[PDB]
Amino acid sequence: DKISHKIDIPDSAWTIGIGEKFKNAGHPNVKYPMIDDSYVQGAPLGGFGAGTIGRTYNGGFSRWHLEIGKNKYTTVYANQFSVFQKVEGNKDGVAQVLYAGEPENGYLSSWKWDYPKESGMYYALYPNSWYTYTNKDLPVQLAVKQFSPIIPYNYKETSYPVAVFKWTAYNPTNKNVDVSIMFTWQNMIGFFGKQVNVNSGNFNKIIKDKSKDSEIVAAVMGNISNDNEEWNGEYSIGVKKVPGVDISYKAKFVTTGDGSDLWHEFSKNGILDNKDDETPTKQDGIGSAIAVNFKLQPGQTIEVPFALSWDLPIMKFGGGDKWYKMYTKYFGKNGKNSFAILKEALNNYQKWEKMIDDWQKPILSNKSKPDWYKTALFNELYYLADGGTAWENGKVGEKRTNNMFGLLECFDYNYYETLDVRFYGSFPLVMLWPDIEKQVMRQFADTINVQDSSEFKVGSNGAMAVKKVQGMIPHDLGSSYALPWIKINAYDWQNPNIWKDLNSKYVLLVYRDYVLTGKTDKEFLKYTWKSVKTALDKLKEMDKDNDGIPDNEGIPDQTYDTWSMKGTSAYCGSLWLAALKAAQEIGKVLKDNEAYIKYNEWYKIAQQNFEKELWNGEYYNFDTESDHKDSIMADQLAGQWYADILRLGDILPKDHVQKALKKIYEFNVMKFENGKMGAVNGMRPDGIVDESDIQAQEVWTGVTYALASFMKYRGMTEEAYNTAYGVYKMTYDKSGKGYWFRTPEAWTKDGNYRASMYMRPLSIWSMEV
Ligand SMILES: OC[C@H]1O[C@@H](O)[C@H](O)[C@@H](O)[C@@H]1O
Ligand SMILES: [Ca+2]
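What the entry reports as its method is X-ray crystallography, with 1.85 Å given for the resolution.

As named in the PDB entry, the chain is beta-glucosidase, taken from Thermoanaerobacterium xylanolyticum LX-11. The header of this PDB entry states its title as "Crystal structure of Thermoanaerobacterium xylanolyticum GH116 beta-glucosidase with glucose".

Put simply, helix α10 (residues 522–540) and helix α12 (residues 593–614) touch, their axes get as near as 12 Å, and they point 35° apart. As α10 runs across α12, the sense of the crossing is left-handed. Seen from α10, the contacting residues are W529, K533, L536, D537 and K540; seen from α12, they are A595, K598, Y599 and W602. For the contact of α10 with α12, the class distribution of residues is five nonpolar, no polar and four charged.

All right, on to the packing of helix α8 (residues 434–447) against helix α9 (residues 502–515) then. Between two packed helices, what matters for the description is the angle formed by their axes and the separation of those axes. Direction vectors running N to C along α8 and α9 enclose 145°, while the axes themselves pass 11 Å from each other. When you trace α8 past α9, the crossing you get is left-handed. Residues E437, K438, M441, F444 and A445 of α8 pack against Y506, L509, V510, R512 and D513 of α9. Here the residues of the contact of α8 with α9 are counted per class, giving six nonpolar, no polar and four charged.

In this structure, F165, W167, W185, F306, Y506 and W765 are the most contacted members of the largest nonpolar core, which totals 245 residues. Looking at which domains feed residues into this core, each of domain 1 (1–364) and domain 2 (365–769) gives three or more. Among the nonpolar cores identified, the runner-up in size contains 16 residues, and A95, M182, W263 and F266 belong to it.

Once that is clear, we can look at the site of ligand 1. Neighbouring ligand 1 are 16 residues, the closest being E409, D420, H475, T559 and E745. A distance of 2.7 Å separates an oxygen atom of ligand 1 from a polar atom in the side chain of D420. Between ligand 1 and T559 there is a distance of 2.7 Å, counted from an oxygen atom to a backbone nitrogen or oxygen. Contact with the protein chains covers 96% of the free accessible surface of ligand 1, which is 320 Å². Looking at the shell around ligand 1 residue by residue, the class counts come to six nonpolar, four polar and six charged.

So, about the pattern of salt bridges. For the coordinates displayed, the defined rule picks out 33 salt bridges. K500 serves as the salt-bridge partner of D557, at 2.6 Å between the closest nitrogen and oxygen. Here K500 lies in the loop between β24 (464–468) and α9 and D557 lies in the loop between β25 (552–555) and β26 (565–567), a separation of 57 residues in the sequence. A relative accessible area of 1% means that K500 is categorised as buried.

Attention now goes to the coordination of the calcium ion (ligand 2). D543 (OD), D545 (OD), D547 (OD), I549 (O) and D551 (OD) make up the full set of protein donors to the calcium ion (ligand 2), lying at 2.2 to 2.5 Å. On the basis of relative accessible area, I549 is assigned to the buried category, the value being 1%.

Here we come to the domain arrangement of the chain. By the assigned domains, the chain splits into domain 1 (1–364) and domain 2 (365–769). A straight line from the C-alpha centre of domain 1 to that of domain 2 covers 38 Å. In total, about 5700 Å² of surface goes out of reach between domain 1 and domain 2, with carbon and sulfur atoms giving 62% of it. Counting the contacts that link domain 1 with domain 2 gives three salt bridges. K395 is the salt-bridge partner of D321, the closest N and O atoms lying 2.9 Å from each other. The interface formed by domain 1 and domain 2 holds 46 residue pairs in polar contact in total. Broken down by secondary-structure element, the contributors of at least two residues to the side of domain 1 that touches domain 2 are β1 (14–17), β4 (61–65), β8 (120–125), β19 (314–316), β20 (322–325), α2 (328–331) and α3 (338–364). A per-element tally of the side of domain 1 that touches domain 2 places α3 first, with six residues. Class assignment for the residues of the side of domain 1 that touches domain 2 results in 33 nonpolar, 22 polar and eleven charged.

So, how was this worked out
- Residues numbered from 1 in each chain as written, not as in the entry; some residues may be left out.
- Chains lettered and ligands numbered in written order.
- Heavy atoms only, no water.
- Residues with missing side-chain atoms left out of burial classes, pairs and counts.
- Axes fitted to C-alpha atoms, helices over the stretch in contact; angles between N-to-C directions.
- Helix = DSSP H or I, 4+ residues; strand = E, 2+ residues; numbered from the N terminus.
- Left-handed = near helix turned anticlockwise from the far one by under 90°.
- Contact = heavy atoms within 4.5 Å.
- Nonpolar A, V, L, I, M, F, W, Y, C, P; charged D, E, K, R; others polar.
- Core = buried A, V, L, I, M, F, W, Y, C linked by side-chain atoms within 4.5 Å.
- Buried < 20%, exposed > 50% of the residue type's maximum accessible area, 1.4 Å probe, protein only.
- Domains from an automatic or database assignment.
- Near = heavy atom within 4 Å.
- Polar contact = N/O pair within 3.5 Å; in protein donor to acceptor, adjacent residues only side chain to side chain.
- Areas by Shrake-Rupley, 256 points an atom, 1.4 Å probe, with all protein chains shown as cover.
- Salt bridge = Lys/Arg side-chain N within 4 Å of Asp/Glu carboxyl O.
- Donors = N, O, S within 2.8 Å, 3.2 Å for Na, K, Ca; no water.
- Buried area = accessible area lost by both parts, 1.4 Å probe.

Structure, rendered in structure tokens:
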């Protein structure tokens, strides 16, 4: 490996061998079907609301999130980088697809597949990833840095459906070597969203943009139809000329054929035919190829940028609504703009790299933090782009100031912005894209007094319930299978209108969003104040025994949606205390004296009773009425965790909080698989895991990172990092279960998982407050 020295990969990048097999991988531990796309994954490409494309560590473009809200894992074999090298003095050169695998059928059989093992590495530190190619039959060493411009406090480039591939080539040998790098791409119009004739009308064109000191050559892969539909638009690939390289291209090769129409050209001398051909296809799949060729002398380095864009302007949801994606604000809505996007990237990528470096640098340069923590912190952010992210710039056919936003909880439970989960998972948005965060919270504010009297069947017990109750915060803002933003509470396993955490979490999120953006946004507190008051007032009505605290009803009426709570619970009870304290403070800020006084009164009574009912000398009991009410819950003081973040002070005595956290570390962490797998949710005082429900026996990744953040603010530095390290290890390490770029909600002691690609572990960003 002589190429690593010519590029700059941070030491905290996650690493794996190209073609590496992983032997320890986990699988779903539930009885119903659940997504398991394997451990062959990578950092995604694509902006927020753009649709994303997962290119895996083996080099394939395989995890397709271009249909917004859906996860489709299938390698499109035509989409690759390939290399040709010939040493001056040899009769023949060699050509190789940079893909550690081969197609399942006979398409593209002429291409040279099966990039060999032990011949290169993949590295990731989101939004950047890299591949290095160090192969005994390739005298010139190559590396590529690939990324999309995901930039905090930037709502523009961050939305773009674009990726850059910056190649570096170095000749460590003592002979001249001719090198070519080729990007191939299938015209994927019709890959989704087209019910019949899936390739029909697809055609490819070549754009040559020549102006002083710029030449870009690109393929634009579109369809002859000018219809405005979810399925129509354009893909583009292309390259910018640099001194010392020549560009060649092929406009049309057949992807549903043996590939030799292209490969016979490339494998001969690394130079394509430059054949334009706009003839549309009927049944056959088609693709384009863009290549560069250059000669490297001994000791010479060259850098060359390629790019990929996709202009698919319309997203459609299963309930019928069609919306424009956010990037259309910057490039237009007609779906004929892939070249403009590609050009913007090829002309600005150096600036983008520097903007990404500038935001990562404060963390990366802090030598008090271990590298493993940096690996997790940055790579967990993959989910902001990969989570079915929807960001609208108008409804199609619509005759507004704001752009609605939604991140899925996950793909198996296909719900937008699940509030009980975003309480943990939304930290990166508030910290790094706060205008999006405030938009999402205003969306929730607007739902508070919505009433929907239609009924649904509750999944857990079969009872009928009202869809949406006035004054109750919704569980979610809909499903991609239905009508995001329009039809709320798609979730139906339990009835969220009787949950005891949603209304409190809502309030806490509101105050969080004010505090963590500088305590300056009074307008945001003004917009949300009525809903905050309404939310707390409605929750107060659920106090059945006048102790001043809402009663859990002996069923799962909160985020642990199979784990029953009854009476006053540490979890919902502490959230309530904190939410009352937050509402007092908002009342002070907005000079609503009667609100301040009322919530202060409720707080003092509830606080006194919470401590009496639950403090047992060592920790706070799980609740007051359940069969295992004395279980040690990992999340027992969630309200105090948020109070620390919101700077609301002590809601419970410092000494008692410290004792509780120490007990959780001693038990839920250190007595669960020797503290190497996170914090298990429920443990009995005798040190055996609580078996009352599956959720008690799970580690929740986002709960564990949040608990780590809580320990950290409370000075328990070693315990905080040791607690988080188990989640990092399970996710990323060779000794783990292979969950990189698909961090799940939960695992059990055997390492197997529930709900890969989950929002909650974005809570790791709470460790940076
Ligand atoms: O793992 C528990 C989670 O399951 C999901 O199906 C629900 O939508 C969440 O509200 C819940 O917290
Ligand atoms: Ca009560």
